[PDB]
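See structure below.
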Amino acid sequence: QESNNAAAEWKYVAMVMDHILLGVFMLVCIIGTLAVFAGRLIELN
Amino acid sequence: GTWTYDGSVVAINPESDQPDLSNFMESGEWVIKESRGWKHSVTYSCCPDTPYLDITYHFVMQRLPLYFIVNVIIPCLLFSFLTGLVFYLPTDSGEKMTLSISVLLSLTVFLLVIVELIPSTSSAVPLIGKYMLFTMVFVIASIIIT
Amino acid sequence: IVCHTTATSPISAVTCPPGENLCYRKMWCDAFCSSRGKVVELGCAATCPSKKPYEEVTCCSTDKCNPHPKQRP
Amino acid sequence: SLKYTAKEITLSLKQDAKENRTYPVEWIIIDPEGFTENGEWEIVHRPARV
Amino acid sequence: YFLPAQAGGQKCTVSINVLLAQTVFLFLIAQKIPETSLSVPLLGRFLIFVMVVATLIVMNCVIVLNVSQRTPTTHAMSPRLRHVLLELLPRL
Amino acid sequence: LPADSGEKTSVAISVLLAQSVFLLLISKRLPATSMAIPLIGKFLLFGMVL
């Protein structure tokens, strides 16, 4: 049980990392998609 | 312009300030926004009295983007979107690596189709090429972090 | 001031419009420098024109100081 | 020339002149203003030989 | 949706590889369709619809795996969602 | 990548597949001469061996 709790510590750390990275990556995706096309779509309109 | 006759021997004048488009068949890919004709005379240090003449006609064409938007941009955006989902997919599933690697494979198979459509003109990177590079680096970073 | 100009055909001496005083001569090569020599541009300007790396430019304030190379000042 | 040989025609490079001195044009002539540079290849050298 | 959301399940594998197959078809289809931009072919509209739906199914598979793989050591179960999924939905 | 993930061979074999795709792409762009291996071809061969 002690070893399982020690492993669950790492698993929880990994889950928190996952939950941070999900938002970070979605924000990076949308910002990167905007940063290319926004200027040319503004010039077009 | 006249190839051999110079402006002191044969003089060419534009019939009208703009090309005649009254018979123009509409293109399925390009819209001619503007057209104009200009007569240029140039004098050379050999010969003050023999100007050389040309008429330059130019057409400002804007591409219709719909084909590339539909067949290129949309699947790249879809692959980009799926890249983030690997971080919500739990590790215990074992599907994280398969998901990210299959997204990378699909992106590479799509690059195999995109490289032939993108112009090979190496003066500057196309905007779609920069977007492809962004998507590739994004997937690579996602795999490393995963 | 009066400067030679290539705006008219043939080159002629024309008094500068008000606000421009400097005569200039610009010469550069093109595809026909094999026989015709450098292109020549003559005019008057309010300031000495800019020069591309392949364009020779000369600027002077005197009258008729920008002749065609085949014409004397 | 295939119709004429070195006995019939003598080929030579064009001579130009500057400052009353002639010189042979030993290079491909390129317009510095109107030559649209190619999209993939930069011309580094362009000699000519007889 | 019939592949178990359990260890050994291959839900995401299937969905992503079917999307890859659809991308191979997109390569194949793009050789036949002309390059004009006046309109979008019916086959092209169907292809894009299929790809969008496939990405939605990938997202749903990821969500379902994220739900099933949870553990009491990591997630506190919401009683409202518990009642809705286990009681209200069967009663609906 | 940990062995308990059960995905270690998948990554390597998929990268081999991607390198195969790149070799398919590049080999269509060059003449099949025997004078030398192109630099990108040497890199591809070395990468596939590794």
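Letters A, B, C, D, E and F mark the chains in the order given here, with residues in each chain numbered from 1 onward.
Just so we're on the same page, contacts are C-beta pairs under 8 Å (C-beta built on N, C-alpha and C of every residue); 3 or more make two chains touch, one makes a residue touch a chain.
If you want to know which protein each chain is, UniProt gives these names: C = Alpha-bungarotoxin.
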If a chain touches chain D and chain F alike, it appears here: B
Per-chain CA centroid nearest to the all-protein CA mean: B
Chain pair, most C-beta pairs within the contact cut-off: B-E
Approximate Å spacing (C-alpha centroids) for the pair chain C (Alpha-bungarotoxin), chain E: 71
Interchain centroid distance [CA atoms averaged], chain B/chain E, Å: 33
Geometric centre distance via CA averages, chain D-chain C (Alpha-bungarotoxin), whole Å: 29
Intercentroid distance (Cα basis), chain C (Alpha-bungarotoxin) paired with chain B, Å: 39
In chain C (Alpha-bungarotoxin), residues with contacts to at least two other chains: 30, 39
Residues of chain A engaged with two or more neighbouring chains: 11, 15
Interchain contacts, given as pairs of chains that touch: A-B, A-E, B-C, B-D, B-E, B-F, C-D
Complex contacts: residues of chain B adjacent to chain E: 28-29, 63-68, 70-71, 74-75, 78, 81-82, 85, 88-90, 92-95, 98-99, 102-103, 105-106, 109-110, 112-113
Chain F residues within the chain B interface of the complex: 1, 5-7, 10-11, 14, 17-18, 21-22, 24-25
Touching residues (chain side chain D, partner chain C (Alpha-bungarotoxin)) in the complex: 14, 16, 25, 29-35
Touching residues (chain side chain B, partner chain F) in the complex: 91, 94, 96-98, 101-102, 104-105, 108-109, 112, 115
Residues of chain D that touch chain B when the two form their complex: 39-40
